[PDB]
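# Residue-level structural notes
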Amino acid sequence: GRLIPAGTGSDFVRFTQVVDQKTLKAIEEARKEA
Amino acid sequence: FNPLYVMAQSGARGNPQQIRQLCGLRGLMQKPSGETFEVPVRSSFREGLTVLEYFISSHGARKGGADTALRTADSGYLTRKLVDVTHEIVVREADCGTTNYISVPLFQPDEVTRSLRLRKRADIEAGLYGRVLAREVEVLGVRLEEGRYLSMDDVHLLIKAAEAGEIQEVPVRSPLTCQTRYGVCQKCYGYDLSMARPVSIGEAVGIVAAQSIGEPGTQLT
Amino acid sequence: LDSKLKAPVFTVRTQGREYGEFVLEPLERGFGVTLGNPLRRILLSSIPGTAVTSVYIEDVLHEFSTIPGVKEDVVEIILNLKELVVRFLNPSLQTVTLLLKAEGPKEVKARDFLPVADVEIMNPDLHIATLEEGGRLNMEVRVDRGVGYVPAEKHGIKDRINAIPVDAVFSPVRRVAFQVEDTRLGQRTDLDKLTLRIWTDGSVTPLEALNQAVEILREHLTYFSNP
Amino acid sequence: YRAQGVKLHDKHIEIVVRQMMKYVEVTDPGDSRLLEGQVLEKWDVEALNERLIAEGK
Amino acid sequence: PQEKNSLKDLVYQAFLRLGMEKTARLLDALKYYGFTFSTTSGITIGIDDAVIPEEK
Amino acid sequence: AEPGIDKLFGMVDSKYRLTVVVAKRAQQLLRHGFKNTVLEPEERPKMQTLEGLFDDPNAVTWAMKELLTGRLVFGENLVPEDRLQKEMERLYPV
Amino acid sequence: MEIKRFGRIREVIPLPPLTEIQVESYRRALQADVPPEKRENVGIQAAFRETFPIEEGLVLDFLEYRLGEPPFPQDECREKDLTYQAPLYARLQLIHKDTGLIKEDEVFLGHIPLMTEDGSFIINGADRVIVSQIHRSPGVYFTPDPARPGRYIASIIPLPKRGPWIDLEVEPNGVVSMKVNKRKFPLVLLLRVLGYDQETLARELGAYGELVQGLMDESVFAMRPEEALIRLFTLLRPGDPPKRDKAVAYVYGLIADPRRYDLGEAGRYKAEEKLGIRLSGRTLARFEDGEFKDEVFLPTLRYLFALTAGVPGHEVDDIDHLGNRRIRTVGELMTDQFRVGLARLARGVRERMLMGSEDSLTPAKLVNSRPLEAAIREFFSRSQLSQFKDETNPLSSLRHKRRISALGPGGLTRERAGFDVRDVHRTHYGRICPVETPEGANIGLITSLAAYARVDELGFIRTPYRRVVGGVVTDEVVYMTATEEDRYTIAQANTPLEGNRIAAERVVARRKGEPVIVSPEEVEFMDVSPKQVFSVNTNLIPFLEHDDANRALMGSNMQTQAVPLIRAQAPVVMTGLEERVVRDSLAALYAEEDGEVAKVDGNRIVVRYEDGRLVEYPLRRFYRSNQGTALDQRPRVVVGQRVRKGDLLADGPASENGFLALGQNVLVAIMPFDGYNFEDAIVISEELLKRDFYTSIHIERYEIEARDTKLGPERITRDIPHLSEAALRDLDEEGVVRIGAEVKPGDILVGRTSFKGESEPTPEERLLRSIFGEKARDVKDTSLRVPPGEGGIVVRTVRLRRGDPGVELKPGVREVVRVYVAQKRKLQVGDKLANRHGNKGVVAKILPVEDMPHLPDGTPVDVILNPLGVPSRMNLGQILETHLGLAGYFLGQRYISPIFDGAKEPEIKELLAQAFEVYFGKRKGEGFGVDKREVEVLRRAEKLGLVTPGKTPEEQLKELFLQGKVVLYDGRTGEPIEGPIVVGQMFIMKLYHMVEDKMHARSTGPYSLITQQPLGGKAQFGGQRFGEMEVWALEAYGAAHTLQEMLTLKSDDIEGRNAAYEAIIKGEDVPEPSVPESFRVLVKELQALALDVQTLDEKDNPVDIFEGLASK
Amino acid sequence: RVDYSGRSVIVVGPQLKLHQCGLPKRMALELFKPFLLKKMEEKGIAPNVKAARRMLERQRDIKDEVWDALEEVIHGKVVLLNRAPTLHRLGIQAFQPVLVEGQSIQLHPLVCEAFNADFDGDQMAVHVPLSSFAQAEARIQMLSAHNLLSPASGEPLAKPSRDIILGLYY
DNA sequence: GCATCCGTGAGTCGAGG
DNA sequence: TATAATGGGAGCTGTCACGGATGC
RNA sequence: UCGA
Ligand SMILES: [Mg+2]
Ligand SMILES: [Mg+2]
Ligand SMILES: [Zn+2]
């Protein structure tokens, strides 16, 4: 009953992340200040 | 503009044989043993058949029905066997980097054994369209590069070049020669035939294969 | 049992004097094509417009001949003349003859026609003929007010012996296409949505065209009055 | 499939046939732990063989 | 004249050149007009529509 | 077909990556109540109601439309997961 | 309306009673009208004679038996869910040989189910049918050895479970082997035991190829029959001590014992005819004067050697021949199970005789009837050949009763199914119908008996033929078997006859099934009718000769599925069989004798016959059938009406004035319509619903039980906790819904309260209880409600309560309530319609009248069928029918076309012209000319070459009308269809498959016990099975989340599904799934197999999916 | 066996766009039921979930606002239609459902070839993808309009046939 | 090396009692 | 709790072809 | 047994 290793379950495409730019720079400044 | 003619010719419905049974003679029939009666039905469905004729045809009809009913089970079983044997195969990467390939012949030995003749268009398309070239091919002043996914026009072109006697066989990346473990790669596979574009990594081509072979199982006669 | 029907809103969407869309919803079951088909028939047959009925060209005997010094044949010219959109400003005017005389290395447009009182050419940039060095074009074209579409061999009019009859396209409307879609108001399921699309030549607008069409129809309903 | 007028790409049949050709049988163990007549995967015997070749065996 | 094969070819070409969205729209169009015209075409089947040739 | 689907297939290297991107983004939108949307008020997908046009309740529609704009970024290892979560929670409370 | 009939073939004899294969069989088996001393040795009498006497008092013998009267009438049996049956008594006498004491008594053996008049049964209040089985007739057969080409196998087959199959083969080493119970031993041995000597066998068999040396073994002839007998016993029974009497007992029981080994009467007949011998008994040998005497074996071996050598007059056998295949009818199957139960009773007897006081034993003390009772009950309930009766329409019942299965007990396993079985044999002619048979897995197995076909006393099927002497056809009819038929040249029924003499110089005939052209001098016999070749259902298809067999099959089969319509009509075009089917099905009600009708009522008809006697026939009204179709008779006569013998009184269900009505006659047009008829789909007019065409009544039975519980009694009550008056509105004082009320899904039929399971209220329940200050009720609402998508008007209510007269229920049950809910169903989108020609389709569109294609006179068509269905399906009959229908529309008349001797094209053209005069001349007289649109269409037809140019509009319109085509106007436009369209009357039925019954959906519902996956079925509010192949689909698509979702959240993941539902109702996205419960079940079931299944991480350290609950 | 899955008799869909199918009101009511409860709670139709469900329990307690609410629910979503036997991946396809009266499922004429479905009384099963992921997969990957070509041959699997071809030819 | 027995497989979903 | 009693008895049959162990 |  696990997720099959194909399609949306392929290790190639499944770890992909989505972030809107507005949040992206907001994290980038946190990485920039530290 | 006759309705039967039109429907048959357009591919809307009907084939020459059914139409023939309608306006023609019904034709020869088989005995239960597969043996054929010496006396054919001379009647169409328009004219109507004698009871004897009808009875004679019933043998064939029944045999056909039984054949189909028995065929569906075997087709299904086969399909499941294929699904089971191919299920782990999925495209796992872009390139396995193999230098190995297969050569699709454009010519086959004639039954007369006189010479080699051009294979049928559909067959060539079946062994060609969508595939990636494993080597440079120069024909009719055209450069088909190593790594090129053959479009339909590429295939037709190769057919033309073959008719011109420039090329007898086409080197191509194939799953037979793919070195990818547990699956195949993108290049060895080629087009995702549904999208007519290179296959997306993660497409399960084993199941697609099994289904593609199995599906017209019950059609085979 | 009891049925109450809300008034149906009428909508319009137009692009220039050429094209428009017309939406009428909701309508009772079946009334989508009840309104649709007649208006289409009326719009194609009955809408008043102007057409090129007859054409005379100097030194030209019949329709299939060839004109020295000009590139397009008599056929092609007549075709271009079919696409001429001419508008009558004075409601009195029933017909006009337009004259055109030009020569030498020139491309004749619809602008080249000598202006007539209360006669407007909507498409002056329409091409008529290309002439070369030593080319000469003298032509008189007849323009009549009428409706629908009359082939050249039906009206069969000639002012002179060499005047060629032209298939007369009177209808300012080039196309009418309607489509009825199912629509619902509350729990009323089967109601109709009428969407009408009208192409004209610009002499009459689609909206005007549709307004004339509904007027004609209404006027016919009054014919059931007096036995 | 051609006889019945079914257009089918060689690709799929190749996948299956490949899966039939998945296996091999040992004709001699050499320096391995395997046995004569022992059946195994072509991939595994190729990996083992490259390991033994890299090991100088 | 437009038949099964030619229409199939049209769908393939349109898929290639114009993509699947436009090919979808094309398919719906073809469906609509095909149906509409087939309705009024006058196509029917009578017993006299099966024509026994003399040559028989 | 989904509007502009050909372009969406053009964006990724594999269709399934597109799918994952869309779905994840849609979950982001659902969790934050769309407050994180990159769509301008005019670009908002609308649903026709008995009253009038309202916002489209379907986060996947939104996701694909946003993706079409180019205002979204997709890829592997762009940021630690908990950092992304906490930052989005900071900017857009749930 | 005038009914015109075609065809020149005069049927000499009518069809035999169509239910006789059932009725006469069971009657032959019971012999209940025959005085006990006059009965024969066949049937249950045979069973008694076989079982008794019982020996080792030490003797109990059978004298006679008797059947009493049924304790309850048929209708009362249907009411109380009892069985229609008669008490079986048997005269027995106990005899102690020494004492000489004789004690005689009549013992009660239980009850035997009685067959009703129509040939059906009632078992537990449900009508059922016993389907005749087909099998290989017992006898001696000779078959080619598939391995050795020039060698053959002899096979001696007895009746099923009547003893073993025996094989005689000639071994490669030359010796002749016998095979019994899978043991190969030399036949010579048994031959010696039979008392044969080398001399006798040498003089008997010697003439064949010097092959007899394979039969010669000196070690066998060197020993007397006793030694060879013990030898054979040692060969057949290893480890069993070879005692003499034990060997005699075993061998006798294996071969000569009639109480064990039995060939059929047909078995012995065919044995005798094949081997050219005579059989004293039905066994292979005898025990006579202490020794075994031969009957079968030597002639068998003789014929075998003769066939092997090539001696003329010897031939192999076709085992699919209908002379080698017989039919076990109701009586034979019932007799078999009766025999088994009786044998069990005998074992009980012998077991009782040894024990107990040896002095006082009555037959009553010896006989336990229970095994016999159980045998019969079993045969009538759980048998495969005992089927729930199909009563949908009368034809369903009839055809059901006329079925022949190759399956069932003693019959072939599906696996054993092969083509040779399923094939249509040449000998099926006139016996088993070549058409009627199911599509799919069951094809060629389930078949149907031909119309004229009869089953004789030996179980074989026979068909009638007319005697022809010197070119003169007599009226003498001879029913032959296939073996008999093969002896003659038999002419076709359509051959020209002037008077009784054959008028053709060349006549078409059959010799051994082979078609042949012969002279009248050569013609021995002639067919009775084309009707004899097909089944009853197939005989109902007009223009059958114009239909391809495959579709005709579908028409035939689909007639059985026809729902009786309130408005139902006999077909415009009939085959002439529609009256008989109504009669033999006991559907309608007729006049017993001549007389005058006194009373006519909805509920009854009273008739005074010529005797002066008053006979009152009650009418069955709105009775629910097995399939839920309403069966009711309506009176067709009036007060004072003079009637003769056989005249109609009432019309049964699906009957119009005594003719079979399976459907409606509708005006149909064959044209494509806007893709709504695309791929067999159908477009219908709202005017069909308006006038109630295709509208039928359906009754559903609901049931509930109030029983005794350990937690206290369930009781039907109007007092139901937490329900408003709005809920209890239609419920009476006792809690049962009132007659005449309308019920919708969710409504209560029977109110019921049950005592709650022991409650340990959760703290939430207690706090809420305190908040609202209301004591938790003792009982709870168990009331039977209306299942989703069901409903109607309450018609009857039955209440059976314990403690009330005539009423006793199953133990623990206080009372049982049944609510009958009927409904009047109109035709709707998704319902299935079909015609007699195999054209079947779902209604996809219902158009308002103004959208329907209409005739110039303003008449809208009913059904619009797509022409694309015709050519591929090759059934042209439906076309022809329509054409004739067209004429019949304007002449106001119906027709009878004998199939195969019907209405030819020219005559239909004549009728069509006569119709055209009515259709047109009326118009021209009414002061109307030809329409402009008609002119346009005519121009369009001229280009088509459908009309000759230059003729007048009227002449051309007639030309088209003769071809069955008319001008049609589109109702949406008013513009004509560019071509002329085929339009006319067609007979179309609504089938039993209706979208109302089939539409089902579920969000969440009941789960299976062990697997915790959703239940299957609509009744269970089940889920859709997502199979392996659907998983394949989702995989191939590559949607992992949808798939995993199916495998977990939507099926057996309990935490996951609860969390899913909660997430969705909360407006949250669904949580990630966890381990499906059925995998845990897999793990645990593997552990019980002593296999350790360990889920591990990547570090190979175990992961507990049971969360510590299973670990100590 | 799965939850959130219906079945019914198919009927021709000619007015449908390629991406659509007719889904009966009641079928969708049951299949979408929890979403319908939540949506009913969002609007003024019901005070809470339990009351809403008790409201949907009896047919005479059901009112138009719940149908409109159901329309609001299904917006943008698709369902999976499947016909047995499923021989290849096109035996299941994704369709944006369009609510219809009556008990029948409306299927688009162009997909009938891939399903090997016809109108002779065939039936199809419906499945509602739940998660946003399932929905995304169904809509991008499994949508009817998104697979026009056979994965096997490569030729168009969605093409004119029967009446369509007939008309265009005519 | 070559007969022979034994075990195991032989299409999907749905309906009804 | 006491005459004496001592080896059972249903199988049951129109497939089928594969593979992999078992005997001249 | 029936339906696809
Ligand atoms: Mg409408
Ligand atoms: Mg079908
Ligand atoms: Zn590779």
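What counts and how
Residues numbered from 1 in each chain as written, not as in the entry; some residues may be left out. Chains lettered and ligands numbered in written order. Part of a larger assembly, values for the part shown. Heavy atoms only, no water. Residues with missing side-chain atoms left out of burial classes, pairs and counts. UniProt positions renumbered as here; feature names shortened; annotations may be inferred. Helix = DSSP H or I, 4+ residues; strand = E, 2+ residues; numbered from the N terminus. Buried < 20%, exposed > 50% of the residue type's maximum accessible area, 1.4 Å probe, protein only. Contact = heavy atoms within 4.5 Å. Axes fitted to C-alpha atoms, helices over the stretch in contact; angles between N-to-C directions. Parallel < 35°, antiparallel > 145°, perpendicular 65-115°, else oblique. Left-handed = near helix turned anticlockwise from the far one by under 90°. Nonpolar A, V, L, I, M, F, W, Y, C, P; charged D, E, K, R; others polar. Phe/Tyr/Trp six-rings, centres within 6.5 Å; stacked < 30°, edge-to-face > 60°. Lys NZ or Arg CZ within 6 Å of the ring centre and 35° of its normal. Pairing = 2+ DSSP bridges. Near = heavy atom within 4 Å. Polar contact = N/O pair within 3.5 Å; in protein donor to acceptor, adjacent residues only side chain to side chain. Donors = N, O, S within 2.8 Å, 3.2 Å for Na, K, Ca; no water.

Naming follows the PDB entry, where chain C appears as DNA-directed RNA polymerase subunit alpha of Thermus thermophilus. The record lists the entry's title as "Thermus thermophilus initial transcription complex comprising sigma A and 5'-OH RNA of 4 nt". The Catalytic activity comment attached to chain C in UniProt states, word for word, "RNA(n) + a ribonucleoside 5'-triphosphate = RNA(n+1) + diphosphate". The UniProt entry for chain C carries the following comment under Sequence similarities: "Belongs to the RNA polymerase alpha chain family."

### Quick word on the environment of E:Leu7
With respect to the secondary-structure elements, E:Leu7 resides in helix α1 (residues 4-40). With relative accessibility at 3%, the residue E:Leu7 sits in the buried group. Put simply, E:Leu7 and E:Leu27 are 20 residues apart on the chain and 9.8 Å apart in space, counted from C-alpha to C-alpha. When residues no more than four places from it in sequence are discounted, the contact partners of E:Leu7 are E:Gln2, E:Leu30, H:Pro160, H:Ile165 and H:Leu168.

### Details of the packing of helix α2 (residues 15-32) of chain F against helix α3 (residues 59-69) of chain F
Packed helix pairs are characterised by how far apart their axes lie and by the angle those axes make with each other. Residue and element names in this part refer to chain F. Relative orientation of the contacting elements α2 and α3 amounts to 120 degrees, with a least axis distance of 8 Å. With respect to their mutual orientation, α2 and α3 come out oblique. When the axes of α2 and α3 are compared, the crossing they make is right-handed. Residues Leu18, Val21, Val22, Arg25, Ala26, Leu29 and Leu30 of α2 form the contact with α3, whose participating residues are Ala59, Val60, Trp62, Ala63, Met64, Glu66 and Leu67. Looking at side-chain class alone, the contact of α2 with α3 contains 12 nonpolar, no polar and 2 charged residues.

### Looking at the packing of aromatic side chains
The way to describe two aromatic rings as a pair is by their centre distance and the angle between their planes. Counted under the stated rule, the structure contains 35 aromatic pairs over all chains. Taking the centre distance of 6.2 Å and the plane angle of 50 degrees together, the rings of E:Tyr33 and E:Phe37 count as tilted. Of this pair, E:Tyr33 and E:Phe37 both sit in helix α1, 4 residues apart, which is roughly one turn of the helix. Taking relative accessible area as the criterion, E:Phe37 reaches 45% and is therefore assigned partly exposed. Between G:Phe287 and G:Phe292 the ring centres are 5.3 Å apart and the planes differ by 75 degrees, which places this aromatic pair in the edge-to-face class. Note on G:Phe287: relative accessible area 39%, which makes it partly exposed. An aromatic cluster is defined as three or more aromatic residues linked by ring pairs; in this entry it consists of G:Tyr889, G:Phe890, G:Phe916, G:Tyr919, G:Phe920 and G:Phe961. Directly above the aromatic system of G:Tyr969 lies the positively charged group of G:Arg933, at a separation of 3.8 Å from the ring centroid.

### Here we look at helix α7 (residues 205-214) of chain B
For α7(B), the tally of buried residues reaches 10 of 10 residues, placing the bulk of the element in the interior. Packed against the buried residues of α7(B) are α3 (51-86), β1 (91-93), β8 (184-185) and α6 (186-189) of chain B, α1 (10-20) of chain D together with α28 (1028-1037) of chain G.

### Topic: the pairing of strand β38 (residues 648-651) of chain G
Residue and element names in this part refer to chain G. Alignment of strand β30 (residues 589-590) against β38, held across 2 bridges, turns out to be antiparallel. Paired with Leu589 across the bridge in β38 is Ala650. Bridging between strand β36 (residues 634-635) and β38 involves 2 bridges; their strand directions are antiparallel. Pairing of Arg634 across the sheet is with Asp651, part of β38.

### So, unusual backbone geometry
Here the bond from C:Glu25 into C:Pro26 is cis, since omega is -10 degrees, no more than 30 degrees from zero. Examined against the element boundaries, C:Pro26 turns out to sit in strand β2 (residues 19-27). Omega for the bond connecting H:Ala84 with H:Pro85 falls within 30 degrees of zero, at 0 degrees, which places this linkage in the cis form. Relative to the elements of secondary structure, H:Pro85 occurs in the loop between β3 (79-82) and β4 (92-100). In this structure, G:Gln31 is a non-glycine residue whose phi angle is positive, near 55 degrees. If you trace the backbone, G:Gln31 turns up in the loop between α1 (20-30) and α2 (44-51).

### A closer look at the protein's contact with RNA strand K
In the vicinity of RNA strand K, 13 residues are found, and the nearest of them are G:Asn442, G:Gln561, G:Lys832, G:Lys840 and H:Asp122. In RNA strand K, atoms within 4 Å of the protein come 100% from sugar and phosphate. A distance of 3.0 Å is found between a phosphate oxygen of RNA strand K and a side-chain nitrogen or oxygen belonging to G:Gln561. Here a sugar or linking oxygen of RNA strand K sits 3.2 Å away from a polar atom, N or O, in the side chain of H:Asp120. Split by residue class, the surface near RNA strand K holds 1 nonpolar, 5 polar and 7 charged.

### Quick word on the coordination of the magnesium ion (ligand 1)
Residues and elements named next belong to chain C. The coordination sphere of the magnesium ion (ligand 1) contains the protein donors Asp182 (OD) and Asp190 (OD), at a distance range of 2.6 to 2.7 Å. For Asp182, a relative accessible area of 55% translates into the label exposed. Judged by relative accessible area, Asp190 falls into the partly exposed class, the value being 34%.

### Section: the pairing of strand β14 (residues 285-288) of chain G
All names here are of chain G. Here β14 pairs with strand β15 (residues 291-294) via 4 bridges, running antiparallel. Residue pairing across strands places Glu288 opposite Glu291, the latter belonging to β15. The turn joining β14 and β15, which pair antiparallel and follow one another in sequence, is formed by 2 residues; a positive phi near 60 degrees is taken by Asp289.

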